[PDB]
Structures are given as C-alpha cells and as structure tokens.
Amino acid sequence: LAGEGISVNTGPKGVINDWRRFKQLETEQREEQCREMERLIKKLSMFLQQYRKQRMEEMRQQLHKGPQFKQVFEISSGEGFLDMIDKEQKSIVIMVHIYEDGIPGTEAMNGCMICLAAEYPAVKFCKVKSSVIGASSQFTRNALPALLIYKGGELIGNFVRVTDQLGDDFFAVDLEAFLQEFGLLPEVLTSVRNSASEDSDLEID
Amino acid sequence: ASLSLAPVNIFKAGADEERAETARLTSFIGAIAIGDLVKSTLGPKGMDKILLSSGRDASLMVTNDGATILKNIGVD
Amino acid sequence: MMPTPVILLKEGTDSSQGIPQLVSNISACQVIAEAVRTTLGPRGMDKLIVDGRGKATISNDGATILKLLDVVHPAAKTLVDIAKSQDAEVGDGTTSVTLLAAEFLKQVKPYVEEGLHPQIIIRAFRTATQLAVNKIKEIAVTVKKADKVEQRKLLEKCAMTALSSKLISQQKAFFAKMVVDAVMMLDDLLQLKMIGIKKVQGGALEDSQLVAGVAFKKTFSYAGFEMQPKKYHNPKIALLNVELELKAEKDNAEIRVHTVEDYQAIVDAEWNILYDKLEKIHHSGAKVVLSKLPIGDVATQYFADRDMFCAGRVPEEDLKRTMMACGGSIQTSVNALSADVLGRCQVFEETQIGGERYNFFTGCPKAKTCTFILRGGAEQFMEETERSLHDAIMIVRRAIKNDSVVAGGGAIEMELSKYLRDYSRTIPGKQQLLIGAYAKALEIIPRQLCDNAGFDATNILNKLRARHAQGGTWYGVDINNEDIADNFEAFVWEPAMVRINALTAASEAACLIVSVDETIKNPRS
Amino acid sequence: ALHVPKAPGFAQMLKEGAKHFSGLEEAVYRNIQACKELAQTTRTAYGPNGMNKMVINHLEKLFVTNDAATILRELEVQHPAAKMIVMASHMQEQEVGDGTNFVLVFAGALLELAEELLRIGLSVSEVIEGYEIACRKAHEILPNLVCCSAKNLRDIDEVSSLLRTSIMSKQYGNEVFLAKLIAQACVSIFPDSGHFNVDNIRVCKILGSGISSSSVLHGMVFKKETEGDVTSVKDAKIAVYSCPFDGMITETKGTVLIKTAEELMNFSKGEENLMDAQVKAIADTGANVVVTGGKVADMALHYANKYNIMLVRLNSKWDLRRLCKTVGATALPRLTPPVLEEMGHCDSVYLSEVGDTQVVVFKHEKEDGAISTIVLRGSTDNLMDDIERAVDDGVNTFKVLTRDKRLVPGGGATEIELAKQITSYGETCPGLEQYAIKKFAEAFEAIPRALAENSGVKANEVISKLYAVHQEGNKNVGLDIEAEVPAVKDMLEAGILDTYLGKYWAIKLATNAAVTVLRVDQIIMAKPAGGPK
Amino acid sequence: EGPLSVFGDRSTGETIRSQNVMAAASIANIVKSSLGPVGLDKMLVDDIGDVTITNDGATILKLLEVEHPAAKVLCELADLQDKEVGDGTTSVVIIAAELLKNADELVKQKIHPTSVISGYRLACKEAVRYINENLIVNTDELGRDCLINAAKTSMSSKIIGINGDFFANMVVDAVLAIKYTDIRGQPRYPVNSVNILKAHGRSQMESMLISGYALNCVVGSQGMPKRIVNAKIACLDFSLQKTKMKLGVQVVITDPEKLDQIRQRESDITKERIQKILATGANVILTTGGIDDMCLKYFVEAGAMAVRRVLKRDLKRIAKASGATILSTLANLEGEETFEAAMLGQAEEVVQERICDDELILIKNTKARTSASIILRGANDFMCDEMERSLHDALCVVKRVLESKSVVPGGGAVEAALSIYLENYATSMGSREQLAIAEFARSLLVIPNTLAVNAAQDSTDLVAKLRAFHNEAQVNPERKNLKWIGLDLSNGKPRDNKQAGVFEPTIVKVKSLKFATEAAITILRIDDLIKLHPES
Ligand SMILES: Nc1ncnc2c1ncn2[C@@H]1O[C@H](COP(=O)(O)OP(=O)(O)O)[C@@H](O)[C@H]1O
Ligand SMILES: Nc1ncnc2c1ncn2[C@@H]1O[C@H](COP(=O)(O)OP(=O)(O)O)[C@@H](O)[C@H]1O
Ligand SMILES: Nc1ncnc2c1ncn2[C@@H]1O[C@H](COP(=O)(O)OP(=O)(O)O)[C@@H](O)[C@H]1O
Ligand SMILES: [Mg+2]
Ligand SMILES: [Mg+2]
Ligand SMILES: [Mg+2]
C-alpha cells in the first residue's frame, strides 16, 4: 500500500470531456440549490383606525380596468423560474407566489395578486407551485403562503406564513396595505393604442 | 501505547496520526515522488513539462524550471 | 379516559397525580443528590462537566456542579435552588443542603407510600427543624473576650476547615492565613469586589501571593511605553477618568473657517488643548498616571519624555481597587488635581509574572483592599482554586459577623440526632416516627464522610452514637486516623450559621416537595 | 350503501374545520362535563389542607402553588365553557382578591345539579329561574349570618387575628408570623383617611435565609447599587429628578459651531464649569441624596462625589413615583435646585447587602409613611413567590375589611347554614322551581365536602354532624381540621372567619357563570387556525 | 467501548442493583392494588380487542409483556406459586419485591450481600419454624366449618366474594365428592377432575353443581334420543368410520367380480363392530374419534346416544367415575374381536340439557364412584372467566386445607406475629445478620400495610395496633390468645381472625415465604449486567 503521491498526470486531460459534461449538469443543479435556500431554514424550519379610505379603495379597485382581468403567470419548471428571474431589468421588482392547491387562503391571495397586477402595470406578479420547486416537506406542510420578492435579484421581502398577520379572508386592500407598511410597493385610459425608420418630417430645404 | 492504537480515542473527527515506521514511509514516499517528478528535466538533454491547470481559467504552462513545476502542483 | 369531542386542556398536556408522582419526586431528588454525593469531606472528589460547546469545568463545589447540570425535573430543581440559596447566604455547605434534603425525603418515603397524610410529615419536619436550630444556637461555642489573636486562630481554623475538601487542601495553612489577612483588610462592609483575584498561567500553588495593594495586567501599551521607567520609590498616582488623545472636541461639534490662518489656529488649538491637559497632569506632581479611557500614543510619549508612567483602558474594578488601596479619587477632569486627590503608594513596579506583565502597587499602609494572584498549570485548576478561596473568604466574613462555631465532621449532627431522638421518645407516637426519621436522616453526613473515605460506615456510626449517648458533644469522624475523635479539639470548626442555614433550607425544600400532590406540564410553545 | 352523506342545509355549508354542536345532550351536557372536569382538577387545593400543584406553562416557567386563580391562569384552558368559568373566577379575584376556589367549586356543583335536573325532566328556563330565585334568597339570608365585625383597623393584634384566616388556607403550617408581618405592613399604611391602597404595599424577594427571617420595612428597598462613592447617609435630603443627571440638550438638533480657536479651547472648560455650578447649586440646598430617573454623566458623577452626594439611579418611572410618594419629594423635570417644599426627607438612606444582593434602603424610624415594604427571605424562588401570593391575599383581605367590616363564620359553617335555610325556603314554594331551589341549596354542600376530603376524613359524617348541630340552633359551627376523626367545633370562638363581602361576591359571580353556561344552546366553533397570542 | 471490547452494554455497582430493585418494585406495584377483600380487579386489553378482567396475580403477570430479567424472575415466581399452591400469588410477589428492596437498602449501607443472604436464610428458617410451632390451627377441632371459612376467605377479593355463603358450600361439596383413597391410606383429593363449564345467562346464584359429569358436547345425529333413563355407557378411544386399509396394504384387482365384495366389506367391518358393541345393551357411546354418518344411522336405529370427538381427559374422567373401561380397540387375548358387557359404565341418567341457546350433555349420578362438575352462569363471558379463575383458586385452597390439616389466621396476623418474633430474635445472631433479619421482619409487614392501604384506611395506626397486640401476646404468657388478632377491613380495626373465620392453608404461607426468600436471594446475588446487542 504505497504510492501516496499518485500524480494522475495524463489521466485528466484525456477525460476532461466527460468531467466537464458532468460538471455542466452539476452547475445547473448548483445554481438551483443556491437560489432555493434564500428563504429556507432561516425562517422556514422555524376612530382613525377604522380606515374608511380602504372601502373606497376597494370600490375603485373593482373598476380597475376594462379590457380584461388577466391571470397571474404560472411557472412550469425550475429552469423557467431561473431564466425569468435572471432576465428582465433589475430596476423593476418581481414577486413570486408559492402555493399548493387544496390549502385554504390560496385563492384569496391569488385574487389579491390579480387585482394588484391590474392596478400596477410595472409589477410582474407571478406564481409557482410548491411541488414543482421541490421544496422540503416542512415547507409543503406548514409554509403554504410564501410571497418572495425579487428587486434586482435579491430579497427585500421574505414574507412566509402570512396567514397570521393577514387572516384567511383578506382582500386586495389588506394585502396592499400590509406590503406598503414596509415600503414594498413602488408609487389615464387610451382608446386602444397609439404606438405605430426615424425620418420624421422636413420642409423645402 | 500509541495514541491511535489505544482503547480510548484522543483526537477529533478527521484527525490522524502516524507513528515511526508509518511517518517515515510517508515522508520517504513524498520526497521520492517529488524527486522523480522534477528529475528527467535535468542537464542539457532534460525535457520539459506541461502544467495543465484544473481551474476555471485552465492556464497552460510549458516549462523546464524545477521551481515553477514544484510550486504549480497540488501537494498533500 | 373517555374522548370528549372537544377536550378541556390542550392536547399533549401531561398530568401526574397522587402517591406515584410524589414517589417519583423523591426518586428524582435522590438522583440529584447522588450527582454530588462523592464531593463531600476531605476525601471528596471532583466532577468534570462538559457543556455543549466543548468547554469543560472541574469543580468540587456542590452549587457549581448542580448549576452545570441542566435539571428540568420540577421537583429536582428545588435541590438546585436550595444549593444556590446556601451558596448565596453562607457560601459553604452547598453539598450538605442537598444531601440533607434528599435524606429527609428518602426517610419519609416509606410513610408516604403507605398513605400517610403529607401535612403530618410537614408539621413534623417544621417542629424538628425548629428544635434543631434552637439546639444549635444553644450549644454553639463562642468566645466573648474580643481578643485579637484568639479571633485570628478562630478565623484561621474556620478557613482551614472550609478549605479541607478541595485540590488546594494540601496547602490549607498558607491559603487560610492569606484569606484571613485579606478579609481583615476590608474595613466594615466586606465587599467581595474589594478582594481582587488574578489568575496567571504557570507556577505552583506555593507561588501564589497576596499583595497589600492592587495589581492588574498591562493594558495595551502604545508606542513609546517601553521608554517609561518601570519602578518608582515614592510615586504619587493620578487616578483619572479621562481620554488623553487627539480627537474631536465633541461628537456634534463642527468647525467653520474661511482663512488659512484660522485653519492653522484651529490645529494649534487642538494640540494646545491636549498639551494643556497633559501639562496639568504633569504639574500635579504625579509620577504614575492611570486612566479609565484610552491614553493615546502622543500622551504616552509625552509622559515618557517626563519619566512618567501611563496606563490606559484600566478596568473600572481595578481603578476602584487602586483608589481604596492608595487613597485618591477618580477624577473625570484634570482642572483641579490637588494633593488630596492623588493616590500615594510606597512602591510601584511592573514585573514579569508567568509570561505576563503586571503592575504592582505595594506598600500601602492604609489600604482597604488586596489582590490575590493565583498560579497553576491549567485554567480549570485556577477556576477551582478561585472557587475554594471564595468559599474560605465567605466563611471568614461570616465568622467576622458572628464568632460562634460548632465542631464539624458530623459531630454537630450526631448530637442533634441524639437530642431529636430523646425528644421524640416523649410524644404520643404519630409524630414520634417522623421525628425519629428526621433524626436518622441527620446521620447522612458522617456516613457519607466515611463512605467517601472508604471506611466502614456502620462501625464508625455505632461508635459515634454510643459516644454521644454516654457524653461528648463534639466527637466526630476522624478521617486520617480511621476512627472517631474530638473534632472541637481537632480544630475542625465551622460557623453555626452554616449548619443553621443548611437545616433550614433542607427542611424548606423537603416540605415544599412533599406538599405537591399533582404536577401538570403544558405543551411547549 | 357504504357512506352517510352530510345532510342538506347547514351541515353541507359548514366550513372544513368548523364544528357545530346543537341540542341538549350535544352542547349543554358537554359544557357541564367540561366545567365538572375543571372544578375537579382545581378541587384538591381548597382549604388549609390544600395541596400545592406544580404547573409548568408553555414557557417552561414553574409555578407551584395552591391559589386557584393562579392555577387557572397558568393552565391554558381550551374549552369555551371552562374559559367562561375561568373568567368568572378571575373577575372574583379582581373584585375581592380571595374566593376564586369557592367560585369554581360552587359553579361546578351548580352545573352538575343542573345536568341532573335536566335529566330528570326539567327544562333550562325553569332551572335558570329556580337558580336565580335561590340566589336572591341566599343574598337576602347572608347578612343575617354575619357574626362579628372588625370594629378596629389600627390595632396590630386585631388586624393580625382577622387576617390569619385568609392566609391560613395558603401556608397553613406557619400563618401567625405572616399574619403579624402583613398586619404591621398594612397598619403602617392606611392613615386617618379611610382610603387604603393595596399598591402602597411593596414586596421584596431576597433569597437565602428562610421565611422566618422575613421583616417589614417602613420605606422602599431597591435591588441596585449607588453610582457614587458615598454609600451611607444619616439625615437624607433626597432630591428626585425625572431628568437624567446631565446637562440638558436641545431637542431638534444640537450642533456646536466653532469659528475661532478661542471658542474651541474654551468650550469644554465652559461646559465643565457650568455643570460644576449646577451640581454645587443643588448641593447648597442641603441635599445629600440625589435620585435620577435617567443616565448619569461622568462629569456629573465626578462633581457629585466631590460634594459628597449620594447617587441612586432608578430606571423605571413607577419606582421613581413610589419613592417620591414614600419620601415626600417632587420629581423635578429640570436640574434646578429643589425648593424647600419639594425636598424629600428620609430618616436614613444607606447601601446594604442582604444575602448576596446589594440593596439601597430608604428607611424611616417612624411607624408611618406612604409606602411600606415587606422583605421576604427564603431558600427557593417558588417558595418566595407563594409567600408573596399569600401576602397579596392578606392585603386584599385587609382592603375588603376596610370596605366592609362584616364577617361570617368560615370552615363550612356559612355554607351549611345557607344550604339549610334555602332548603327550608324551597319547601314552601310550590311549582317546578322548588327542585331547582333545592338543588341550589344542596350545591352549598360542596364546600364542607371539599374541606373534609382535603383534611382526610369522611365528608358524609361531617355533613351529617353539621346538619344536626345547625338543627340544634348553633349556626357558627364548622369542621375541625385538627382531628383524625370527623368532628365539628364553633368557628366564632376559634377565630376562623372570612369576609362577608367576599362570600357575597363569590356567590353572585358563581351563580351568574352557571346561569350563563346553562343559557347557551348552540355552539358554532370556528377553525382554530393560528394566532399564538 | 473502552478496553473490555464487548458488543453490548454493561452496568456495574449500585446502578444494576438499583435497576433490578426498580424492576421488582414495578412488578409489585402492578398488582399491589388487587390484594385483600377491598382489592379491585383489573382490565387487560390484548391490543387486538380481546379483554380479560381478572384479580389473580399469576394471570396478570402472565398476560403482561415483560423485558427486564428481574421482572421476568418475579413473573416466573408468580407462575410457580400458582402451579404449586394456587393461592397467595399476589402476596408472594409483593413479599419478594419488598424483601429485595430492603436488602438493597441494607447493601447500599456497605453491608456485604453475603451477610444479607445469610440473614435472610436464617430469618426464613426461623419464620417457618415459628409458624409450624405456634401459629398453626388443627382443623380437626372445627370439622366442616373450617373448610367453609377457608373457601369463603379465598372467595374474598374475587368477583364471587359476596356470594361466598353459597359458593363456598358448592366448593366444599364438589371437593368432597371427588375424594378417593389410594395406597398408604392417604386420602388425596384430585382437583382438576372437577369439570368447570362456563355459560353466560342467569345470575351467579343459578350456578349448578352437577352430581355427576358435564360434557361440552352434543349428540352426533338429530335423530338420536336425548335422554336415557338407565345409561349403559361404552367408552371408545377409536373412531367409527368406513375402514381404510393401511399404507402398507394395497388393493389390486385382476378379476372384476371381487370389487363389489371388497367395497361391501369395507363398510361391513364397521357395521359388525357397531353391532357387537350394541349387542351387549350399550345405551350411550362416547368416542374420542369421529363417527361416520352410516354409524350414526346405526346408533339412531338402535335407539342409543352416540357422542363423537369427546376430549380424552373428559372420556377418562367419565370412564373412571362410571366404572367403564377405555377401549382403544376390540381385540381380546384369543385373537378375536369382541365387546364385553362387563366393561360398560353405568349412570342413572344422561340428558342433553339446554343452557342459554347452547346444549350440552349431563351424566347424572354415576355409580361406583362419585364425580362432580360445576356450570357457571354470569352476565357475559368475561365475568364467567373470572368466576372460573376464582373457583379454581377456592378449589385449590380447599384441597390444601383437606390434605394438610393445619391452617393459620388470615388478615395479616401471621405477618405481624412473624415481624415481632423475628425482630426480637435477631438480637442473638451475628452482627450484620442482625440487621438482615430485622429487615426481613420489617419487610414481612408489607402485607397488612397493603391491605389497609387498599381500604383507604390509616395503615400506620392499624399496623401499630397489630404490632402492639402481637408484642403483648409474645411477651405475656397468659395472653397467648392474641396471636389470632388480625385485620378487619370492613371497619378498619384489629379483630380476632380465628373467631372471625378468616383462615388460610399453612402451606400457602410457608411456600410463599420460601419462594420469596429464594427469589430475593437470586436477584440480590447479582452486581453486574452485560447486555449483548442482538445479532441484527
Ligand atoms: N478535617 C476534617 N475532618 C473531618 N470532617 C471534615 C474535615 N473538614 C471538613 N469536614 C466535613 O466535611 C463536610 C463537607 O465540607 P466541604 O466538602 O468542605 O464543603 P460542603 O459542606 O460545601 O460540602 C463538612 O460538613 C465538614 O463537617
Ligand atoms: N382552620 C380552618 N379550619 C376550617 N376551615 C378553614 C380554616 N381556615 C380556612 N378555612 C376555610 O377555607 C376556606 C378558604 O379556602 P381557600 O383555599 O382560601 O379558597 P380561596 O383561596 O378561593 O378563598 C374558607 O372558606 C374557610 O372557611
Ligand atoms: N375476610 C377477610 N378479612 C381480612 N383479611 C382477609 C380476608 N380474606 C382474605 N384476607 C387477606 O387478604 C390477603 C390477600 O388475599 P388475596 O390477594 O385475595 O389472595 P392472593 O394473594 O392469592 O391473590 C390474604 O393474605 C388474606 O390473609
Ligand atoms: Mg466546604
Ligand atoms: Mg382564599
Ligand atoms: Mg388469593
């Protein structure tokens, strides 16, 4: 049992093709684990008050838009999540919603997201499933409401288990005010459209 | 008795220890490996070596200098 | 248990009721007592406890061992609490209280198991404890002559007895004399913080010293410190609370100038402020300067050029100790550094001690404090030495407060047990059994001493019982001679309040634990 | 043919986690059973022979005691009916201060007998009406049962004897000593003005020497140390400041503007001289103790030490107000010297050391003042907490006696007399309410029954003897604790008395709680969900 | 683990002794609540819905799952006491556990276990001698009242305790019925020959003591008669079916004309056997083997009762009682095949009686020997099983009393007297053996203490009064009549148990003491345990 100084030598350079083929898949996985821990373990393993303005806010939200209500975009795969988080301008805020169908409190917050997206064109409201992300069983069993926030590729909000602070029958105005408490939400109706070389006009010359 | 070959264990996890014959064997094998590696590049007819870095940059280095060969290797 | 559709308490709530839970409580108390059983007497041993982080503590003190045990049993925590109480009020006997409480509970366990009402046991315990305390107060020997040298022998013997169970017991005379001198140095309140205890690695126990003054480690010398002389033969010490370095005048201070002349004037003004403070300190006549706040390098060099001494960042306790030893006043401002606010000591010196530099203030004739410097080969060695010295210091302080002693080695409790049995022989009989059980439980300490020393406990106990029956109050266990002897004439002396508090605390713990009939554990949040 | 679908209507529309209990046997009987269970859990701590219970809450804090209200508070109950009964008990504690166990036992017995009446064929309305009529009858009868009155509250012996019984159920073995302590503490308070404030009694828990070493101090004790080097004053002249002992600053923004070298060189000297002048002006008023609510500046401490002024720093504002009350000073908001009227005077202030704790003692030699402190010694934190709870019970008993001086015989005598009189009354009245009235009367037997069970004797013999004696004519007879066989003795002669007002309020609250429990017919439980606090 | 290098745990010193004492105390505390007339039964659910309600200590310890070896030792001690005596199982378990606990208490005081063992042996020998010399009562002075009182005492603590006035009479009559003499003139009583049948239904007072035997079987065919007024019983150990040739015999047919004859003979053999049996006048036929349908038809036509699949023990008991001879085959010494009328059992009547929708055979008034059987009626099966166990205990107690004519007063009188005598006697034996014998005497006091505790009465005062009475009896020559002072659990006062008719067989106490002492000696001798890991 000798030759501890193995010095594999010629071996690698003749096999680095397969090594790099394995390493490409390894890195594709590794970015996925790196991005999927930023909310896990840290908090996952663990009469002016009447607000009469919120009512009129709700009624004006009911008349938000004419064309359509639109639906929150659904992520189909982890790679799609990766390449829409990585893409898009870093100056806009992206928030992601995780859910599993069956638990209470999901449709209400989905409708809140729909309303806010209708009244906030800049935002890019999106939703994901808890099963497609392959999170831990603890997340799937006790962390169903998870509103991740991506502003320039980093969290500025990691709201998990928002049921206690929001209830089970909250509406759009409640979620909007709760998110605006920490300053998460940044601050006319055309006919249909106006947008239609660069030569504009000239005279005689 | 010896630290390793004692009924009670005195080391942390991963800490090892080599007695006389084993330590001498390890030192001699390491030194002979280094000497055999650096040689064959000695004298007028000595040849050169290719130092293929395993890092991201993958630096390529063709050299005959013994010190450069010895410093650019992973030695345990 | 019939399942109600909606249950009364939360799910997971546990409840143990009746005789079985009381027997369980007694057994848990026995378990706790066993964990400190062998740390009793001159033949007692030490226990090594490793916490979660890997740090290990070695101790003979019962209170420390019980504290390092994370006991969660509600009835078992009472023994830990009474050990803490004995440590706080007296400082010695922390093992005796736990042994006595557990022995009381063990003796009354058979009566509990057969359905005796616990209130009767509680009343019997209260009566027996009252009688025992009164007997201790009656038979305690006191010397009402107010003799200084007799008080010296009394204190030294008490300290020696308190120290004869630890690793430093082989040097009991040296440390006992040092402790007696240290405690006598304190004036009237006997503050513990007036007795500094410094531990310096390397050196035998016999190299430990008591300095009639104050000593502390060197505190981050700046540049130019090595040029300062390190010995003075009649220094005046300037105890200061001042930051002597270049810095902003105040945090919220701003300077607005519009001329280069004003710029130079401002720079020179800052330098002049610092130099004015330094010049005032120098012209105060002091040769050694100590400050609580940092002393900058400029001030250090300024003092070096004047053949002075400086030391910044001196801890608060060390400055207070220096003030009491030398006799000055901690000055927050240097504008009035009169003669009466400067400390004076005979000799100041900085010397190498075990790979460290220590500043020594010795020769103070009117010092109201002192400092212990302890040497040893390990950190836990020094920690246990400090614990033993603290026990001795507390005993000597109590003996200063009240000079009443009883012979140790189990003699006092043998006499108490004899008296309690004699009393119990003269009562109707329901309380007679319980008071006899109390008297029998009082025999645990001599039996534990014999068991720790490896004797035959039964023979020694029989000899002691017969001897006490035929006369002789202070006959106790003689560990060296394998037999019994007059512990009062053997100078095995302990203050009466030690045993008084031990009995009171043990009785209170036993009565409290006996009185509990049901325990309920709510689910953890 | 293998499943039973939910019935159409409300059963189908009910939420997933919600629960609905309707009807008699599904709601009323279950509530009665739950209240029975709660009363059974708390019963064994009733009377002098009550046994302490080690209760551990959700925070691992250990509570060992026999106070019913404390046990209920640390027991996190889940059943709504038991929750309402616990609210009744807490209301009784807030109103009076003692009698929570009586409320719980009486409510449990009342609900038991209400279930029995509902089973034999009565309805809820008639049971409730009978209970209310019997409660009115009991409240009418009770004043006639008053045996004696306090008739003196400034006498130490009288108040000690009166308060012995209230702190005899708790800490049964040694009640005379605690009675004398609380009597002294309360007599020091309660001046010529009839008003008595419970908050004026302070309890200090110091570990080490057993409760026999406990004592009362006419003043205040703070477990702190002194900022300065002065540690003892003999003729204190306390000047209390609600402001930190430092030069006051602006509140918008303070910026030191330096434009010349002279200003920079003189600023620190000027600030030092100003603060020295302020401290000297304070000391010139004869003051030698300064108590501040805020921080202490280093230069301030220097100049206070130079002029031999004691410094005490109280962090909490309540302690500051209590000290102002007990010394007679005025909490100045500025650092100006105090005028003669605002100066506080205490006869002795010093730094002491009890056990191993450093304390600052504001001691009066006179047997008066506005605040009195009870210093509690002991060998266990839980034991001192129990002694403290007994102290609060005794103080509340004193407060009740000040409000109403009438007393009724204890030891189950009053309950037996009430039961006998209400049973006699119920015979006369015809109709279905007589059954409810008789059951209400019988429910009073639960008090002597519990006392006899705890004391270790047979309850039936005690109750039979009590009925025989009360039929003879002696209405001040209850069970004798110091007996190995069922025996009774006069309660007025033995001094075992309890406040009339406490019993009246306990009866009223227990009856109201039982009636309110009986009224509920349907229960619609929401999904528990979350909300830890 | 260390230098010993064994694959398992290891406990040494006071740890293993305390563990063994804890296990023994657990076993004791399981059954401590089922001792004495004020004891209560227990419910044992078999984890699959099977429910057993019992008071017997041996049954409780047998049904439980036990893992600690010392607890297994105590359970086996209970089983041995049940097998060898039949009573005192709870008492012997409690006494052994208390002896072990007190011995360990002595050992923890640095008293060598050998000294404690020697003291225990001396104390047991002296206790047995004292019991046999002073505390025994001769039953010849009482006659049948002593048997009735012993049976009634065994009835207490059982589900049939209140009905003892009637159950004790049944037990005594049944035991006296099966009495028989043998060689060396010793009248021995063969218990377990009294067939006990359980059948729920009417109250316990409707339990029947049959003056004969009771089979749990029915007639083979519905056409058979169900009552014979003069039974001639024939007992057979073989089966009546179509005879099949053995393995070594094979039928090979070359001439077809023989096949019908062979097939006819194949059943005519059994027909001839049955005709031979019936020709002697046999009225009732009992067989351990099966009976074929054609044989049932033969018995029906003959007007005789035939019972098949009879248990072997039941058939043996019936043959013994009625004078019949068990016949495994029909073969005389002359090589022929005949059945004799001289080997026919005779009984006054055989009846197919009906008991709660079920039917069984009663053989009433068998001749040449008297036999007895008991049919127990209860609310359900669980109560009936408890009745059977209590009845067996009573039968064993009566058998012990009859065989050995000495009885001792019950209610803890023996324990208190032994405690007093041994405490006085220990002062003259050794130095540490004194302590061992004193602890033995103190441990014996666990029985009256448990009796008083079970009644929620003052155990301390009652035991103190008992000890005072027995000490006065032992110290005053003219007060030797106080030895019978025991415990009266109904009123909680000392009472003369000999006058009260509370008796136990002396063998019960003697065997309990010996077995408990030996078990305590066995457990106490241990000071080290090695628990090797399972091979998996
Ligand atoms: N020299 C001695 N000879 C006999 N007994 C002693 C001697 N010194 C101390 N003891 C006894 O040992 C007991 C335990 O003392 P120690 O272990 O020092 O502290 P603690 O009381 O806290 O356990 C004391 O009660 C004392 O009576
Ligand atoms: N020495 C005594 N003898 C008999 N009864 C007593 C004695 N002392 C108090 N009591 C009774 O105990 C009752 C007090 O019960 P307690 O435990 O204080 O319940 P609570 O704390 O809810 O008032 C009183 O009604 C009184 O009649
Ligand atoms: N009528 C009675 N009065 C007093 N004691 C009795 C009576 N009947 C039985 N005993 C006592 O109760 C004890 C417990 O008997 P038990 O436990 O039923 O028998 P076993 O131990 O076989 O189960 C016996 O030792 C007996 O002496
Ligand atoms: Mg000590
Ligand atoms: Mg009360
Ligand atoms: Mg039996």
# chains A, B, ... in the order shown; residues from 1 in each chain; ligands from 1
$ residues_near_ligand --ligand "ligand 4" --cutoff "9 Å" --atoms "only C-alpha atoms and all ligand atoms" --output "PyMOL selection string"
chain C and resi 40-41+61+91-96+161-166+388+391-392
$ residues_near_ligand --ligand "ligand 6" --cutoff "9 Å" --atoms "only C-alpha atoms and all ligand atoms" --output "number ranges by chain"
E: 35-36, 55-57, 86-91, 153-158, 390, 393-394, 397
$ residues_near_ligand --ligand "ligand 2" --cutoff "7 Å" --atoms "only C-alpha atoms and all ligand atoms" --output "VMD selection string"
chain D and resid 45 to 48 50 67 to 68 98 to 102 165 to 166 168 to 170 410 to 412 451 478 to 481 496 to 498
$ residues_around --residues "residue 72 of chain B" --least-positions-apart "2" --cutoff "10 Å" --atoms "only C-alpha atoms" --output "NGL selection string"
:B and (51-53 or 61 or 67-70 or 74-75)
$ interface_residues --of "chain D" --to "chain A" --cutoff "12 Å" --atoms "only C-alpha atoms" --output "ChimeraX atom specification"
/D:15-17,526-533
